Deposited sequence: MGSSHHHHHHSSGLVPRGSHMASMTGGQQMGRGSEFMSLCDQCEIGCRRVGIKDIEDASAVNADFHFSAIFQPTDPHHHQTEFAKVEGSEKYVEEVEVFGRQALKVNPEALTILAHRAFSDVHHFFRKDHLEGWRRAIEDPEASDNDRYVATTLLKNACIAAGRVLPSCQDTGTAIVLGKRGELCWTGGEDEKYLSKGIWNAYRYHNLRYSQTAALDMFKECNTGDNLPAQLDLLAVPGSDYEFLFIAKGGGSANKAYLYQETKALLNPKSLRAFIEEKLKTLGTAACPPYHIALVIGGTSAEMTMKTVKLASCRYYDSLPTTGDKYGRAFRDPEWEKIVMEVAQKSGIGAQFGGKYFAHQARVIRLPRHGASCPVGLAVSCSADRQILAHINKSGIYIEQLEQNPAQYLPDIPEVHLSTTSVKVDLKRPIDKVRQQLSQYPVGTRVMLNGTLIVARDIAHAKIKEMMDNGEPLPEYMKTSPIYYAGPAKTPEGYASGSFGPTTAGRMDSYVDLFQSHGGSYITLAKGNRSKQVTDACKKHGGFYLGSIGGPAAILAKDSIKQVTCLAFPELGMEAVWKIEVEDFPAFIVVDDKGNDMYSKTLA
């Protein structure tokens, strides 16, 4: 009467559909043995250091075919908007710079996430987390990446860990004698777009579910650098199980799941509703960041079993920095997923803005154009993001003035990766503007931050502030951190708060920096029609 049925039953559990390359001479780190009648694998734990180092190096310079195919699709589709094509060409060009293995594809080299599946008869000595972390530590310390992890000394006092540790190390116990891995370099921006909804049976009908999807996709906006790999999970045995599934779905880790359910509650991919998600994404008009058709590369929809009283729902994306890498260790050595090393094969109206003027002259010029105008910035930018804004607001709350460097130049929300030797700058693309939304009106009423430069749609309070104070929000393309570093950024200098690491205040000299006018000084928002 009892029948065991696993929730997840992929037809390709070992990811044979993926191409792997064996690390040279890595068979010296493994040995096949037979203990108590069973085949087992002795693994030198140094193999985990080697594997994690190479994984978190390669993943910042190369992409999977399905990601690159999406960018070419946006360029070649006659139905794509001009802005769709412009963004996809920029991102593909950026991937070509990153393939040089010097500049990472994004300044946000992400949180290191390891999903490991150690077989019952795979023996490493048991110090897997330490040895994996050292390999991650090696990748971020000795390559031109970024230290993005923020340690809490108490509830509110924070510091950068200086090495991109700690990693998220999810090590699972599974049958057999191999060691299987999924490594993810997960950007903070795309991580912030992982959403959990507590729903009910009233959602579970075609009309309600479609309306739900139309409503929730808009809340993703453009803040996580679309085109998106959109993942949606309906159901789950718990919120954390739902959120883990939607993360893995976004990495296309569950692509070989069955496509039908059964009376035992197994998970399944729903291709009909993936098609509906894609239809909503295209008809939304949100586009590849600035209006059009290519809001999404592709969609994954996974239906999960549920408690009768529960319906958790997960929504997540993978961003332009689509960075995951499969790997395994077996009796033959260390195998790591082979990424596309020649992205160039996938490649088939502007207003010059002189910033080397008083900020009021720059504001006047910007006032002459409507939202949606593409501009090219030439001059000095002051760079500040989350913590700097918080420190500055605190200074003003204690009677101190708004710093002079918040009034001379447009404010670029960004945090750079490390500078390669002999380079003007490391990868240096924008960060999400919405996170600074609560400082705009305050700073503008005190005579600064009249012009901001970042990526993503912003809230109505920012539109109101720019109209009230004669301000502007310029949207940079999100994602192309390397080509911006290589072509646009000529000089980088730390201005204030050097203890903050990448979150210090910087002053940079730029040339031909592309941006769109998203919010003008008149109440207009380039996203007001597609993200209403």
Q: Please list, in sequence order, every stretch of the deposited sequence that lacks C-alpha coordinates.
A: 1-63, 412-420
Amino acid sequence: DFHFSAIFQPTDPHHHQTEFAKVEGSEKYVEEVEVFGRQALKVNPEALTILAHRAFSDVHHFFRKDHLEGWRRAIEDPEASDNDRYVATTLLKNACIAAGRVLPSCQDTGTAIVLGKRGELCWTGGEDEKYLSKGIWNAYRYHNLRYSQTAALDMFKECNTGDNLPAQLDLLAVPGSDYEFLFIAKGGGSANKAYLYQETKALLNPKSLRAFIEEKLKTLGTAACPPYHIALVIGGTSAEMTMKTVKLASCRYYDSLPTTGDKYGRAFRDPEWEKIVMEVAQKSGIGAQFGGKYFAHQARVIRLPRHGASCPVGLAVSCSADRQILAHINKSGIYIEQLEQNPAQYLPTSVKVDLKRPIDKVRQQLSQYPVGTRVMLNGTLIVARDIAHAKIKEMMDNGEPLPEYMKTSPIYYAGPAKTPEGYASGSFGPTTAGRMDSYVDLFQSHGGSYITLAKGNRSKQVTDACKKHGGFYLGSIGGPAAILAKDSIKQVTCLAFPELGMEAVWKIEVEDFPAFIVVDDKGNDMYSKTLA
From here on, numbers count along this sequence of modelled residues.
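In this text, the rigid core denotes the largest set of C-alpha atoms whose superposition between the two forms falls within 1.5 Å.
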(Q) Which segment is farther from the shown form on average in 4 other deposited structures of this protein after a rigid core fit, 397-405 or 162-170, going by CA atoms? (A) 397-405
Q. Between 337-345 and 253-261, which has the larger RMS C-alpha deviation from this form in 4 other deposited structures of this protein after core superposition?
A. 337-345
Q: Report the stretch with the higher mean CA temperature factor, choosing between 293-301 and 164-172 on the basis of the entry.
A: 293-301
Q: Would you determine, from the values in the PDB entry, which of 118-126 and 397-405 has the greater average C-alpha temperature factor?
A: 397-405
Q) Based on what the PDB entry reports, which of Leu442, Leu204, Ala231, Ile184 has the top C-alpha B-factor? A) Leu204
Q. Taking the Cα B-factors listed in the entry, which of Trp506, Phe56, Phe62, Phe36 comes out highest?
A. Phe36
Q: Sorting the chain's modelled residues by C-alpha B-factor, tell me whether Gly314 ends up in the lowest, middle or highest third.
A: lowest
Q. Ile477: which third of its chain by C-alpha temperature factor?
A. middle
Q | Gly308, C-alpha B-factor rank within chain (lowest, middle or highest third) | A | lowest
Q | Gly110 - Cα temperature factor, lowest/middle/highest third of chain | A | middle
Q) If you rank every modelled residue in this chain by C-alpha B factor, which third holds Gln364: lowest, middle or highest? A) highest
